[PDB]
């Protein structure tokens, strides 16, 4: 179990009371677990944000969620893991340039080639995991970053949607 501490994920901000009406997940941002093998397998379209559970996170409009402001280019991504697991890989996806923010998240709305991916070869991590990734510099405004944590032993993965206000000038 775990969540993206920085930049603050949607479930994390629910916990901090920044987002509202998030359901039970507000008390466990670390627990957005669903089937792994994304994007080939995993939670169904329109159910990515909640990973098949916690449907409240799957609601998608322009004003529904509070946005984290980020620059394109190099960014530090810090997870917090409440339980470390043998790790297949870490992946970070971003919405396409002309994606529909008033529509539930679907694989078709994502650049299915992650802008950052790290393989851990089954290794077990610490309670703090840090990644330096290059956020695409060709997008602007409201976008979603989908952070995925693939667990090696269980065919499961943890899905962390981040609502971002992107800046690329």
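Positions refer to the first chain, counted from 1.
Between 142-150 and 17-25, it is 17-25 that carries the larger average Cα temperature factor according to the deposited entry. Per-stretch averaging of Cα B factors for 124-132 and 65-73 places 124-132 on top.
Residue-level temperature factors show residue 169 in the highest third of its chain, judged at the C-alpha atom.
Compared with the other modelled residues of the chain, the Cα B-factor recorded for residue 110 ranks in the lowest third. Annotation for residue 80: C-alpha temperature factor in the highest third relative to the rest of the modelled chain, per the entry.
In the deposited entry, the Cα temperature factor of residue 57 places it in the middle third of its chain's modelled residues. Ranked against the other modelled residues of its chain, the C-alpha B-factor of residue 35 as given in the entry falls in the highest third.
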